[PDB]
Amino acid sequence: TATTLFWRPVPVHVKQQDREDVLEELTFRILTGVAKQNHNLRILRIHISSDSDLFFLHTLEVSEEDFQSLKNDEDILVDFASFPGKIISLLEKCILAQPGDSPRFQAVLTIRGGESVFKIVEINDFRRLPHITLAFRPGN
């Protein structure tokens, strides 16, 4: 019962170990469903890819069990069912964000040794304020 809620390009600032910053269009796909492998738990799946590099692949899978710790750490006030909607809402801001509009939202992907940390930050006069922080694994 895998349902895709979102599947389109998003401008992301990519940062790697020995590469300068790069702003490029990465394809995000957000799915919600159930894994028969993991006791039929509800799951949120996010995949990051590039239309110009078929090997550039990053994936995240969050179960309802996993979300419990994630909710406490980042003080999330909504439930698991509502979580994907808020992520999409944050991505919409990054899509609509134009250079100069302060505070400006933006998506960031920091690759470290292969594995990566994804963030959507709100940039004000003082700091990059991370609205969400998620760890991705390379591949599908």
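When you see a residue number, it is the position in the sequence shown, counting from 1.
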Quiz item: Averaged over C-alpha atoms, is the B-factor higher for 44-52 or for 30-38 in this PDB entry?
Solution: 30-38
Quiz item: Going by the B-factors listed in the PDB entry, is the mean over the C-alpha atoms higher for 97-105 or for 59-67?
Solution: 97-105
Exercise. In terms of CA temperature factor as recorded, identify the highest of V10, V117, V22, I120.
Key: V22
Exercise. Please place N140 in the lowest, middle or highest third of its chain by C-alpha B factor as given in the entry.
Key: middle
Quiz prompt | Ranked C-alpha temperature factor of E92 among modelled chain residues, by third | solution = lowest
Quiz item: Sorting the chain's CA B-factors, does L129 end up in the lowest, middle or highest third?
Solution: middle
Self-check item: Third assignment of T110 from its chain's C-alpha B-factors
Solution: middle
